[PDB]
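Residue numbers (the authors' numbering): 1 to 105, 125 to 162, 184 to 212.
Ideal Cβ placement from N, Cα and C applies to all residues, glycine included.
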């Protein structure tokens, strides 16, 4: 299965990618700089492109696009905005599934209000395209919940959809 990961360098996206590759999928790392990744990812596909420059063309190459944006401080202020871009680009489609990864609480993923905003914006296009927003059960601390466990959940939802077009928090 073709899975593209935006933010394949950060904490969350890094494992999501591993877990994906390990489960036997064709993983594409979508990043700003092939810097960090190349050294380690010498077998997986790479599309060097910032999220904001992504066009439907390079997205529809994938069956699923994991939005794990937020690898640095600046990306931390552009969450709601970058998702908006993907939403308009993905509109009127079922082409790739857009899986958005959050992290309810140094933390470069969506903030509490930023997330709520994305969700409000997603609901404005409830049925206009294929999306899913995933939240972790408890809390991660750099090495309750492990990031790799979150990746397992993320990939479970990709292989066996249970939350098509809705937000949901991991359970158990």
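The bridge partners DSSP lists for residue 2 are 26. Collapsing the DSSP output to three states places residue 67 in a strand. If you compare the alpha carbons of 8, 131 and 129 with that of residue 48, the shortest gap goes to 8. Residue state for residue 208 is assigned as strand, using DSSP reduced to three classes. Bounds of the beta strand (DSSP E) holding residue 46 are 45-48. Going by DSSP, residue 132 is part of the alpha helix (DSSP H) stretching over 131-142. Check the Cα spacing between residue 57 and each of 96, 46, 140 and 39: the tightest is with 96.
Cβ-Cβ distances below 6 angstroms link residue 1 to 25 and 63 in the same chain, with the five nearest sequence neighbours on each side left out; the list follows chain order.
For residue 88, the enclosing alpha helix (DSSP H) begins and ends at 79-90.
Between the C-alpha atoms of residue 209 and residue 202 there is a straight-line separation of about 12 angstroms. With contacts defined by Cβ atoms closer than 9 angstroms, residue 19 and residue 139 do not form a contacting pair.
When 78, 154 and 199 are compared, the shortest CA-CA separation from residue 190 is found for 154. Per DSSP, the beta bridge partners of residue 98 are 65 and 150.
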